[PDB]
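Below is one structure, written out as structure tokens, with a few remarks after it.
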Amino acid sequence: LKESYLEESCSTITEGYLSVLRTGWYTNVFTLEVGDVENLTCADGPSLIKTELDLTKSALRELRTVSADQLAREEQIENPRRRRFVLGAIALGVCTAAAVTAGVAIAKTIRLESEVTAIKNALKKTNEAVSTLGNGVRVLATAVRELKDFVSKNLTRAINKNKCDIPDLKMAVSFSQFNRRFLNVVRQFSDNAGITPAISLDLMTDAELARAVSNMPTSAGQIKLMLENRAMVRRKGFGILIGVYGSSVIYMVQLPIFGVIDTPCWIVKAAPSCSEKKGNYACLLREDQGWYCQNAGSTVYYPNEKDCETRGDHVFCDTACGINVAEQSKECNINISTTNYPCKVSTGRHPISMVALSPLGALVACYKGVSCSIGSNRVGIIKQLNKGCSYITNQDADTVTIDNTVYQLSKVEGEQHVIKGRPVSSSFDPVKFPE
Amino acid sequence: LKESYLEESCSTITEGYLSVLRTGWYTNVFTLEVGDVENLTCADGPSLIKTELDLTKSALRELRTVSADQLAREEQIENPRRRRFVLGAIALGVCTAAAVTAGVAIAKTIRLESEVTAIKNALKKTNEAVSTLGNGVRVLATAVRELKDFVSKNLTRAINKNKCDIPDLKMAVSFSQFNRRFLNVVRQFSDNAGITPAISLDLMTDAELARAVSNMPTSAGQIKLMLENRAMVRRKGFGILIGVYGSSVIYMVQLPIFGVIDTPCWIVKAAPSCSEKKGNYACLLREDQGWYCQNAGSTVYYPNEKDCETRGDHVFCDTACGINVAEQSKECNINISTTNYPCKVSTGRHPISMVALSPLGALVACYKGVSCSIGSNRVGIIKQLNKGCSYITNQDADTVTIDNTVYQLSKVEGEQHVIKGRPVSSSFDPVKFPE
Amino acid sequence: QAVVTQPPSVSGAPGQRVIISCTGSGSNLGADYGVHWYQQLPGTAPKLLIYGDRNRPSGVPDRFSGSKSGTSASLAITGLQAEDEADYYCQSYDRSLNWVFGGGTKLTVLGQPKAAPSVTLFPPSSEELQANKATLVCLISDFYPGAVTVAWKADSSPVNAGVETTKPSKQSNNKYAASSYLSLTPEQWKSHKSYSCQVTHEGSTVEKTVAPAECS
Amino acid sequence: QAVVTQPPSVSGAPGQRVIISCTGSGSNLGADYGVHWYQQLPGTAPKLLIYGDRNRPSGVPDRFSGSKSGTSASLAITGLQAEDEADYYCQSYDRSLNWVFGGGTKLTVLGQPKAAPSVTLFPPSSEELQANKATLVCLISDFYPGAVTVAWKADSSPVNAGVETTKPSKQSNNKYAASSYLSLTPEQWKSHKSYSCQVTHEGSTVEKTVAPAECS
Amino acid sequence: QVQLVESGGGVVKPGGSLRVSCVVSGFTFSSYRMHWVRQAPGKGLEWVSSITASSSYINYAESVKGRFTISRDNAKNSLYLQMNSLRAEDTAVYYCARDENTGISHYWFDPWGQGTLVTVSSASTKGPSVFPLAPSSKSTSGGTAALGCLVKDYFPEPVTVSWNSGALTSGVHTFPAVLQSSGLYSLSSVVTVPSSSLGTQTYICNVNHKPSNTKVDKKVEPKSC
Amino acid sequence: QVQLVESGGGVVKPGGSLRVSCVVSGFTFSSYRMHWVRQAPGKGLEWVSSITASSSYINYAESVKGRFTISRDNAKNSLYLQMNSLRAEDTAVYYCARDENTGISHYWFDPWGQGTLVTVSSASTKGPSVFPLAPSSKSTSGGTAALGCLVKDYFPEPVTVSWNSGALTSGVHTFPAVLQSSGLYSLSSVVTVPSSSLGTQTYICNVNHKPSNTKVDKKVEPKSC
């Protein structure tokens with residue numbers, strides 16, 4: 001990581017970030033099996049089998065119930081107006097709000113008749129079969145048959161004549177293990193009103209995620225990267241609910257596609273710099289703060305930091321929350337004296353004091369003479385700085401104090417640089433186009 | 001239910017709804033127990049106790065982590081720090097902004113020191129005790145003690161000298177039973193960063209909801225109403241996470257208070273109505289659609305239908321998203337010739353065709369001569385209507401067709417009335433104050 | 001289940017401060033309910049004095065106040081005067097009894113000197129004796145201490161058959177009056193040599209005597 | 001594991017329609033991967049023709065169309081002309097072999113009359129015999145069908161030792177030419193009576209004969 | 001401007017029925033819960049019934065459960081209280097009071113009405129019996145002379161004792177009635193007049209009874225001893 | 001305006017090494033994945049290697065794994081392909097091609113470069129030997145007579161056959177080279193001239209060799225028979 005201080009405009013750039021951006025979504029349709037669990041009954045004393053069977057039937061009833069409430073929130077995806085549907089849509093991330101609509105539109109297509117038939121028909125002989133939909137989209141369909149291969153063949157024989165208390169406890173132990181996944185899935189779908197905010201180890205086991213990621217049509221590097229960032233893949237993918245067609249549970253899960261895997265990216269962070277007099281006590285401020293990334297010779301600009309994450313060097317942004325900017329915009333960081341590109345700048349008559357947290361360094365400005373000092377762990381007070389825009393690294397300082405409010409600094413180490421330049425002496429209007 | 005058609009202004013009102021309104025919040029503080037699960041160790045091969053003990057301990061580590069993420073997202077929910085606008089808006093701030101903020105502020109008061117000390121100290125002997133906070137507010141505190149009652153006394157004795165594989169398989173399956181509630185609680189808070197959207201069967205089970213609804217200081221009618229609508233009580237309350245204090249989990253759940261339980265309410269829906277000539281091809285529109293409800297001799301107005309629910313006759317509105325309106329506003333539905341109240345109406349030179357669904361009937365507007373026909377199930381096409389503003393009941397028809405787009409009609413049965421009157425012949429300006 | 005207890009009466013003098021305590025229980029006030037105070041003048045319906053355990057509606061003359069803590073609440077009157085002479089009640093809600101009312105206390109102002117009563121005894125009339133019945137009329141009036149007991153003693157034998165003494169009632173001139181009636185057969189009216197109707201007034205005893213003939 | 005198959009050559013005539021097939025497998029096109037077409041002129045680098053199985057980058061004259069279905073794809077040219085004389089390839093992606101290229105086909109247009117070949121035989125020079133070596137130069141040119149076989153028969157014995165026939169190549173005047181070299185020692189150059197270099201052209205055969213002296 | 005009016009009071013023998021009413025005006029009636037509060041003569045208040053604003057939830061006092069019936073009619077702005085199997089201990093004054101609440105833990109009756117009275121007794125109506133009290137010794141001379149007439153045995157408390165057709169209002173006072181062991185009521189009213197001027201100077205008292213007329217005029221005269 | 005230029009080709013014996021470079025211009029180099037594609041003489045194309053935009057993920061062809069190495073330099077706008085243990089079947093024309101993908105399931109090389117030729121043979125370079133081809137019987141008279149000189153033993157295909165120092169371009173045609181068994185090349189160029197006028201009319205073929213000069217000129221004359 002390399003950070004360069006732009007003393008000319010009191011701004012910073014860190015230029016050592018690889019990035020990954022999502023482009024589209026890959027679907028995946030599951031189907032659980034429970035078998036004819038609703039027919040047999042256990043009505044002879046309280047036993048371990050008894051407390052599990054009724055649990056399964058109650059779960060089935062709950063899952064049937066949840067469908068009448070899921071459908072009510074699908075007409076408010078574009079604009080939710082309820083406590084649940086707003087607080088349940090902010091948990092998916094604001095950038096995902098444009099994809100939940102498409103995911104729901106997919107679910108309506110598949111829950112029709114002759115669609116759940118084809119999905120169930122194409123999985124009659126195996127446990128993995130890619131299938132197409134009515135409108136050309138290809139869907140990877142997966143089947144799990146644990147309960148039905150246990151309830152049917154080696155549970156009904158044990159539970160005969162409704163005599164459900166047996167000295168053989170190995171039967172009881174195995175039932176609990178096979179029953180865990182169904183109960184957790186139904187609980188999650190009942191709780192989140194049908195649209196879960198993140199994949200869990202119950203919707204897709206780690207064995208079924210590696211198979212479902214190496215079967216996508218992609219490059220040979222995008223597969224290797226997702227096989228290493230499984231966790232971030234899990235957090236940024238949601239699942240939908242299709243319905244209960246008999247004694248089986250059908251639901252879909254959406255995975256992200258990393259369309260760009262390697263490209264330089266940088267952060268720009270600025271703070272107001274006046275260097276003015278008491279008269280004309282106004283100065284400039286860069287409003288170009290945010291993220292930058294190159295994909296196809298046209299950088300994408302993210303105005304707010306919250307739309308992107310960090311996992312060391314990689315950066316996990318999205319291509320739907322970004323605004324397209326011509327590549328000449330990088331001239332602003334090089335110098336403001338250049339007039340080829342219209343460089344964004346904003347002014348103001350009321351310079352407030354602020355501290356800027358750089359990923360590597362730290363930028364601080366003090367204006368009204370407030371005591372803002374350098375702090376550390378072993379040394380309580382190191383020095384008192386003067387004026388402002390004194391870019392201070394975490395290498396030299398540990399904490400900074402401003403109005404009895406401390407700010408910590410990161411331990412990340414990297415090459416540091418400062419660019420000498422003459423700040424804006426007095427108020428200038430060569431470039432003040434925006435506001 | 002009764003619906004009355006107003007051909008004078010081409011609008012309808014249904015005037016048979018009882019209502020309930022939410023007024024305040026009743027808070028409740030829970031405290032799970034896990035016991036000294038972190039000390040005992042299983043160190044002999046893979047066993048049933050092995051795979052569950054490691055599962056439980058992993059939950060505790062994860063739950064401590066999410067507490068460091070709730071503290072970061074509470075700064076974005078209490079003030080527009082870096083919310084920005086951009087696009088794909090979640091539209092936060094509609095109703096929940098004034099509700100989540102109040103709930104969070106209570107959590108900060110609770111999560112201080114010497115407060116959780118009081119809550120835990122008040123529950124040393126019983127599993128239910130009302131307690132007050134620092135600032136006079138009184139809370140209800142509940143302790144749930146199944147795991148601590150099991151891990152402490154009849155699990156440690158079995159697991160001695162780290163010999164954690166025993167012929168007794170009853171304990172192995174039993175441990176899975178008691179563990180299930182805890183694992184669901186931690187998973188919910190992890191996926192929502194601490195703010196769950198609605199109560200679930202694991203934060204507050206049914207036996208713990210009846211005791212938390214019959215202990216509130218309220219009337220004898222409010223208690224009996226909320227006991228018959230547990231589904232909608234659960235669906236309108238959220239929970240917050242306090243933290244992991246020792247070997248226990250502490251979280252709080254907000255319950256709604258229904259301040260008004262019986263009062264008439266009605267819905268008004270309008271449709272464009274011109275009955276004009278080709279010249280001056282413009283006419284009026286009622287922009288006063290929405291809900292109406294009485295609380296203290298002053299109606300509350302909800303501009304759009306999405307803010308309130310329905311469970312038959314009852315209407316579950318909220319008091320924080322309504323605007324106070326003088327009670328004389330009901331005169332508009334009676335007649336427009338009355339000038340006592342300035343009646344809201346808007347005009348427009350571009351009359352479009354549009355169909356409004358009434359909760360009992362249906363409204364249709366059809367101007368440009370497009371084929372707009374009434375439909376049914378047994379008969380595909382019944383008749384072709386003339387112009388528009390022809391109210392059609394669901395008793396007579398099943399579907400309505402406009403621009404090859406069908407609309408279904410509800411099966412609710414109720415009385416229908418039509419009010420004879422003269423529609424607005426030409427453009428008038430006696431009452432057109434708003435626009 | 002539960003009930004609210006209130007003292008029977010509290011007496012004071014003009015210009016001092018008076019406290020009325022409304023004692024609740026574990027299910028009335030312990031469950032965080034309200035205590036409200038109503039004042040009922042001797043002739044009309046009650047009116048609201050204190051609501052919300054501390055508030056005061058418009059028209060309250062800024063001298064009444066109250067508070068609630070635990071399972072007890074109190075009402076405070078500063079600057080007692082003459083017309084604040086009425087009954088006071090405290091209200092609350094109950095888990096199982098719904099709305100409940102206090103026992104009710106009577107406030108007494110001590111600002112008028114004690115006055116001895118006046119007794120008038122009316123012998124039964126001849127036309128009364130015509131219808132085979134005798135009634136003796138005794139009247140007591142103009143006494144400020146509203147606590148008088150009438151004993152009907154005949155000769156040396158106190159007769160306690162037919163005593164019908166009433167309850168004191170406020171007179172127009174802020175005084176009290178009462179009447180005691182006793183019926184007799186015509187034979188018993190002339191059987192004794194004299195009949196008397198005494199009245200006790202805070203220890204003071206005033207008695208009048210009548211005779212069947214009393215002619216000389 | 002898998003490979004893309006493409007026909008070797010396809011012949012056509014001006015103004016008609018020509019179809020070129022690109023058959024895949026279950027691991028490259030069976031996993032929904034793209035198929036793209038490149039045109040390689042005889043002297044320059046390949047350039048993109050079709051990408052995404054149906055799209056056309058700017059510059060193509062709208063007469064090229066492609067379609068994909070299942071594990072097979074095809075490229076369509078309508079209104080074939082003379083300048084479309086080049087090699088064509090179909091590309092794809094494979095699960096375990098990464099980028100894969102088709103076999104490649106060369107399109108031949110049938111719009112030129114057959115031309116009889118011309119053969120020239122050069123007697124071995126006097127100077128070349130000095131350096132203990134004997135060589136015979138036989139050149140064939142000016143023929144449109146490039147299917148020529150050179151057989152070196154000495155007197156009545158076809159000798160197949162030292163034949164070095166090349167591969168026919170196109171020249172400026174849209175014709176083909178080829179050459180065949182054969183080495184001899186000076187002893188057997190004069191030992192034999194005559195030497196010939198025959199050429200075959202779809203049945204047509206032209207013979208030229210040379211002698212060690214041929215003086216008369 | 002809020003105003004409540006009660007009506008329907010009267011006297012009924014035990015084991016009957018009656019329908020009290022309360023007519024409101026000055027506020028939106030169909031938005032407030034309404035109550036019924038009673039008070040025994042000379043006793044404390046007591047809650048009797050309650051009904052929400054749409055006749056959905058109805059609460060009755062334990063002491064009167066299964067015998068009363070509360071009802072509403074939002075169109076006519078009135079509520080009713082039908083009673084059945086009335087008992088002796090049920091006589092009181094009945095109030096209708098509007099309900100006020102802050103929403104959670106405060107409930108009170110702000111607009112109390114005026115009230116109506118209901119008497120339950122097994123006795124029957126009967127005209128009063130009048131016996132004048134002639135002046136005698138020890139009841140005259142001094143400063144003034146005391147005389148009056150006794151009214152006895154009138155049931156439903158109507159009493160109007162005006163001596164000179166309402167013109168003798170100088171030294172006349174009326175005492176409250178008295179309850180006998182059975183159902184009866186009696187009182188005596190006396191007039192203080194100077195002993196110097198006593199005789200037939202309009203010394204006669206008028207007695208009137210409302211249910212049964214029983215209009216009797218009896219002259220008082222002074223007798224010896 | 002995009003233009004890719006590659007250089008570094010040459011002749012090398014088997015079991016050697018070589019470095020081929022490709023320099024781009026006209027676009028942002030640090031944003032595109034880049035490949036190396038090779039084509040054997042007269043054969044189809046074949047993919048060789050590929051490197052991402054930041055030298056993170058590298059994929060190699062199966063046939064060249066363990067011997068080649070790809071590299072990048074985002075500042076100098078160039079990439080390199082180190083070759084080791086070259087074999088006789090590795091000779092081809094090598095291309096550098098930029099990558100274009102739609103994101104999921106389309107991958108193609110849009111802007112192909114120009115190409116450089118690499119020959120891997122065990123033979124050594126050797127100067128050409130020019131021998132004459134005098135006109136004789138059956139090869140003269142008619143309309144024209146054909147004559148020329150034969151060029152032999154030139155390894156790296158350099159050939160320049162100028163008769164009148166480049167001024168004789170009327171009836172001269174040069175045949176392509178010939179592949180003998182071992183490493184050596186030969187070709188013949190002849191001129192058709194009328195038999196009416198034949199002799200020493202500047203009938204001297206000029207042959208020049210690039211690696212080793214070996215400049216030699218030979219005069220062809222018509223001998224009997």
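Letters for chains follow the order of the structure tokens (A, B, ...), residue numbers begin at 1 for each chain, and ligand numbers begin at 1 in the order shown.
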Q: Please report, as a ChimeraX atom specification, each residue of segment 9-201 of chain E to which DSSP assigns strand (DSSP E) when run on this structure's backbone.
A: /E:10-12,17-25,34-39,45-51,58-60,68-73,78-84,92-98,100-101,107-108,116-120,129-133,145-152,172-174,178-179,185-193
Selected residues written out with C-alpha atoms, as a PDB file, in the first residue's frame:
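So the final result, stored in part-v7.pdb, reads:
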```
ATOM      1  CA  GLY E  10     -88.614   5.972  39.827  1.00  0.00           C
ATOM      2  CA  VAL E  11     -89.837   3.612  42.524  1.00  0.00           C
ATOM      3  CA  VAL E  12     -90.207  -0.104  41.799  1.00  0.00           C
ATOM      4  CA  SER E  17     -87.304  -4.323  35.939  1.00  0.00           C
ATOM      5  CA  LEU E  18     -86.481  -0.806  34.787  1.00  0.00           C
ATOM      6  CA  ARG E  19     -84.650   0.929  31.927  1.00  0.00           C
ATOM      7  CA  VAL E  20     -82.515   3.933  32.866  1.00  0.00           C
ATOM      8  CA  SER E  21     -81.253   6.210  30.091  1.00  0.00           C
ATOM      9  CA  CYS E  22     -78.576   8.838  29.501  1.00  0.00           C
ATOM     10  CA  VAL E  23     -78.640  11.280  26.575  1.00  0.00           C
ATOM     11  CA  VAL E  24     -75.424  13.066  25.671  1.00  0.00           C
ATOM     12  CA  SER E  25     -74.690  16.175  23.600  1.00  0.00           C
ATOM     13  CA  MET E  34     -69.019   5.274  28.611  1.00  0.00           C
ATOM     14  CA  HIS E  35     -69.612   4.114  32.179  1.00  0.00           C
ATOM     15  CA  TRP E  36     -72.360   3.718  34.773  1.00  0.00           C
ATOM     16  CA  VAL E  37     -71.515   4.735  38.345  1.00  0.00           C
ATOM     17  CA  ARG E  38     -73.892   4.473  41.300  1.00  0.00           C
ATOM     18  CA  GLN E  39     -73.821   5.838  44.845  1.00  0.00           C
ATOM     19  CA  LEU E  45     -69.165   5.693  44.977  1.00  0.00           C
ATOM     20  CA  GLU E  46     -69.070   2.352  43.187  1.00  0.00           C
ATOM     21  CA  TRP E  47     -68.583   1.304  39.574  1.00  0.00           C
ATOM     22  CA  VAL E  48     -71.366  -0.733  37.963  1.00  0.00           C
ATOM     23  CA  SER E  49     -70.789  -1.235  34.235  1.00  0.00           C
ATOM     24  CA  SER E  50     -68.780  -0.166  31.183  1.00  0.00           C
ATOM     25  CA  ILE E  51     -68.973  -0.418  27.398  1.00  0.00           C
ATOM     26  CA  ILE E  58     -68.533  -5.142  27.931  1.00  0.00           C
ATOM     27  CA  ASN E  59     -67.458  -5.318  31.575  1.00  0.00           C
ATOM     28  CA  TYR E  60     -69.803  -5.757  34.534  1.00  0.00           C
ATOM     29  CA  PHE E  68     -78.128  -5.935  34.371  1.00  0.00           C
ATOM     30  CA  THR E  69     -77.736  -5.092  30.690  1.00  0.00           C
ATOM     31  CA  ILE E  70     -75.871  -2.129  29.210  1.00  0.00           C
ATOM     32  CA  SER E  71     -76.532  -1.005  25.648  1.00  0.00           C
ATOM     33  CA  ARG E  72     -75.662   1.774  23.224  1.00  0.00           C
ATOM     34  CA  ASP E  73     -77.130   3.438  20.150  1.00  0.00           C
ATOM     35  CA  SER E  78     -77.783   7.671  24.133  1.00  0.00           C
ATOM     36  CA  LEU E  79     -76.999   4.594  26.204  1.00  0.00           C
ATOM     37  CA  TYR E  80     -79.295   2.429  28.301  1.00  0.00           C
ATOM     38  CA  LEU E  81     -79.072   0.210  31.389  1.00  0.00           C
ATOM     39  CA  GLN E  82     -81.749  -2.479  31.642  1.00  0.00           C
ATOM     40  CA  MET E  83     -82.059  -4.006  35.111  1.00  0.00           C
ATOM     41  CA  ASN E  84     -83.618  -7.288  36.199  1.00  0.00           C
ATOM     42  CA  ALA E  92     -78.890   4.307  44.873  1.00  0.00           C
ATOM     43  CA  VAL E  93     -78.331   7.311  42.602  1.00  0.00           C
ATOM     44  CA  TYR E  94     -77.054   6.353  39.149  1.00  0.00           C
ATOM     45  CA  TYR E  95     -74.556   8.404  37.135  1.00  0.00           C
ATOM     46  CA  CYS E  96     -73.405   8.137  33.526  1.00  0.00           C
ATOM     47  CA  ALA E  97     -69.828   9.331  33.053  1.00  0.00           C
ATOM     48  CA  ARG E  98     -67.582   9.639  30.018  1.00  0.00           C
ATOM     49  CA  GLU E 100     -60.810   9.514  29.756  1.00  0.00           C
ATOM     50  CA  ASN E 101     -57.424   7.835  29.481  1.00  0.00           C
ATOM     51  CA  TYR E 107     -58.270   5.949  33.673  1.00  0.00           C
ATOM     52  CA  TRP E 108     -60.773   8.439  35.064  1.00  0.00           C
ATOM     53  CA  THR E 116     -81.098   9.830  38.603  1.00  0.00           C
ATOM     54  CA  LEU E 117     -82.537   8.130  41.674  1.00  0.00           C
ATOM     55  CA  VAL E 118     -83.941   4.597  41.931  1.00  0.00           C
ATOM     56  CA  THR E 119     -85.831   3.393  45.012  1.00  0.00           C
ATOM     57  CA  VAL E 120     -86.507  -0.301  45.647  1.00  0.00           C
ATOM     58  CA  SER E 129    -102.004  11.059  57.894  1.00  0.00           C
ATOM     59  CA  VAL E 130    -102.094  14.520  59.478  1.00  0.00           C
ATOM     60  CA  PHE E 131    -102.411  15.248  63.200  1.00  0.00           C
ATOM     61  CA  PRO E 132    -101.937  18.872  64.309  1.00  0.00           C
ATOM     62  CA  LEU E 133     -99.875  19.728  67.384  1.00  0.00           C
ATOM     63  CA  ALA E 145     -95.295  30.163  70.925  1.00  0.00           C
ATOM     64  CA  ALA E 146     -94.523  27.014  68.931  1.00  0.00           C
ATOM     65  CA  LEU E 147     -97.200  25.191  66.942  1.00  0.00           C
ATOM     66  CA  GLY E 148     -97.368  22.924  63.925  1.00  0.00           C
ATOM     67  CA  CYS E 149     -98.947  19.910  62.279  1.00  0.00           C
ATOM     68  CA  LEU E 150     -97.595  16.369  62.010  1.00  0.00           C
ATOM     69  CA  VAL E 151     -97.577  14.524  58.672  1.00  0.00           C
ATOM     70  CA  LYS E 152     -97.371  10.738  58.914  1.00  0.00           C
ATOM     71  CA  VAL E 172     -91.770  28.237  59.822  1.00  0.00           C
ATOM     72  CA  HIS E 173     -89.224  25.426  59.567  1.00  0.00           C
ATOM     73  CA  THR E 174     -89.570  21.928  58.109  1.00  0.00           C
ATOM     74  CA  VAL E 178     -88.128   9.699  59.394  1.00  0.00           C
ATOM     75  CA  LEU E 179     -88.186   6.056  58.293  1.00  0.00           C
ATOM     76  CA  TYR E 185     -92.223   8.179  56.188  1.00  0.00           C
ATOM     77  CA  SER E 186     -93.271  10.976  58.528  1.00  0.00           C
ATOM     78  CA  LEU E 187     -92.210  14.487  59.493  1.00  0.00           C
ATOM     79  CA  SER E 188     -93.338  17.416  61.618  1.00  0.00           C
ATOM     80  CA  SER E 189     -93.147  21.106  60.722  1.00  0.00           C
ATOM     81  CA  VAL E 190     -93.697  23.772  63.377  1.00  0.00           C
ATOM     82  CA  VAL E 191     -94.192  27.538  63.299  1.00  0.00           C
ATOM     83  CA  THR E 192     -92.844  29.920  65.940  1.00  0.00           C
ATOM     84  CA  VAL E 193     -95.251  32.807  66.568  1.00  0.00           C
TER      85      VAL E 193
END
```
With a cut-off of 8 Å, could you pull out the residues of chain A touching chain F and give me the nearest pair of atoms for each, distance in Å to one decimal, using only C-alpha atoms, ordered by chain and ascending number, as a tab-separated table?
```
residue	atom	partner	partner_atom	distance
A:23	CA	F:103	CA	6.9
A:217	CA	F:105	CA	5.4
A:218	CA	F:104	CA	5.2
A:219	CA	F:104	CA	7.6
A:220	CA	F:59	CA	7.9
A:221	CA	F:57	CA	6.2
A:257	CA	F:104	CA	7.5
A:258	CA	F:103	CA	7.8
A:259	CA	F:103	CA	4.5
A:260	CA	F:103	CA	7.3
A:262	CA	F:53	CA	5.5
A:263	CA	F:31	CA	5.5
A:264	CA	F:30	CA	7.4
A:294	CA	F:31	CA	6.4
A:295	CA	F:31	CA	6.1
A:296	CA	F:31	CA	6.5
A:297	CA	F:28	CA	5.9
```
Within 12 Å of segment 299-308 of chain A, which residues of segment 89-204 of chain A come that close, and what is the closest atom pair and distance in Å for each? Count only C-alpha atoms and give it as a Markdown table.
```
| residue | atom | partner | partner_atom | distance |
| --- | --- | --- | --- | --- |
| A:93 | CA | A:307 | CA | 8.6 |
| A:94 | CA | A:307 | CA | 8.1 |
| A:95 | CA | A:307 | CA | 7.2 |
| A:96 | CA | A:307 | CA | 10.4 |
```
Write a file of the just-selected residues containing N, CA, C and O atoms, as a PDB file, in the first residue's frame.
```
ATOM      1  N   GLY A  93     -28.642  -4.830   2.308  1.00  0.00           N
ATOM      2  CA  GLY A  93     -27.757  -3.864   1.691  1.00  0.00           C
ATOM      3  C   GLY A  93     -28.502  -2.997   0.700  1.00  0.00           C
ATOM      4  O   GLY A  93     -29.363  -3.493  -0.032  1.00  0.00           O
ATOM      5  N   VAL A  94     -28.190  -1.701   0.670  1.00  0.00           N
ATOM      6  CA  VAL A  94     -28.899  -0.794  -0.228  1.00  0.00           C
ATOM      7  C   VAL A  94     -28.593  -1.123  -1.684  1.00  0.00           C
ATOM      8  O   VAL A  94     -29.467  -1.003  -2.551  1.00  0.00           O
ATOM      9  N   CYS A  95     -27.362  -1.542  -1.980  1.00  0.00           N
ATOM     10  CA  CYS A  95     -26.993  -1.888  -3.346  1.00  0.00           C
ATOM     11  C   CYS A  95     -27.752  -3.094  -3.882  1.00  0.00           C
ATOM     12  O   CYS A  95     -27.867  -3.236  -5.103  1.00  0.00           O
ATOM     13  N   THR A  96     -28.273  -3.954  -3.013  1.00  0.00           N
ATOM     14  CA  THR A  96     -28.998  -5.143  -3.436  1.00  0.00           C
ATOM     15  C   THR A  96     -30.460  -4.850  -3.752  1.00  0.00           C
ATOM     16  O   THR A  96     -31.151  -5.719  -4.292  1.00  0.00           O
TER      17      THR A  96
END
```
Q: Kindly give the distance, in Å, that separates atom CA of residue 34 of chain C and atom CA of residue 22 of chain B, rounded to a single decimal.
A: 20.7 Å
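Across all paired C-alpha atoms, the best overlay of chain F on chain E gives 0.3 Å RMSD.
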Q: Extract, using only C-alpha atoms, all DNA, RNA and protein residues at most 7 Å from residue 205 of chain F, discarding same-chain residues fewer than 3 positions from it, and format them as number ranges by chain.
A: F: 149, 161-163, 217-219
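The backbone trace of chain D, superposed onto chain C over all C-alpha atoms paired in order, deviates from it by an RMSD of 0.3 Å.
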Provide as an mmCIF file with N, CA, C and O atoms, in the first residue's frame the residues of chain D at most 6 Å from chain F, counting only C-alpha atoms.
```cif
data_model
loop_
_atom_site.group_PDB
_atom_site.id
_atom_site.type_symbol
_atom_site.label_atom_id
_atom_site.label_comp_id
_atom_site.auth_asym_id
_atom_site.auth_seq_id
_atom_site.Cartn_x
_atom_site.Cartn_y
_atom_site.Cartn_z
ATOM 1 N N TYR D 33 -21.224 -22.017 -22.892
ATOM 2 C CA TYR D 33 -20.134 -21.113 -23.210
ATOM 3 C C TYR D 33 -20.327 -20.566 -24.617
ATOM 4 O O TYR D 33 -21.051 -21.135 -25.434
ATOM 5 N N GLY D 34 -19.672 -19.448 -24.890
ATOM 6 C CA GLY D 34 -19.843 -18.791 -26.165
ATOM 7 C C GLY D 34 -19.067 -19.450 -27.284
ATOM 8 O O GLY D 34 -18.165 -20.258 -27.071
ATOM 9 N N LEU D 48 -11.782 -10.386 -35.673
ATOM 10 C CA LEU D 48 -13.046 -10.854 -35.121
ATOM 11 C C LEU D 48 -14.171 -10.704 -36.136
ATOM 12 O O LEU D 48 -14.324 -9.648 -36.756
ATOM 13 N N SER D 125 23.395 -28.808 -65.558
ATOM 14 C CA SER D 125 24.373 -27.914 -66.153
ATOM 15 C C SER D 125 25.747 -28.575 -66.222
ATOM 16 O O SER D 125 26.025 -29.576 -65.556
ATOM 17 N N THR D 166 7.445 -29.917 -53.705
ATOM 18 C CA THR D 166 6.966 -28.958 -52.722
ATOM 19 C C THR D 166 5.438 -28.942 -52.713
ATOM 20 O O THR D 166 4.779 -29.787 -53.326
ATOM 21 N N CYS D 215 22.775 -34.872 -78.283
ATOM 22 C CA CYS D 215 23.426 -34.168 -79.380
ATOM 23 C C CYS D 215 23.229 -34.950 -80.671
ATOM 24 O O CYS D 215 23.540 -36.143 -80.734
#
```
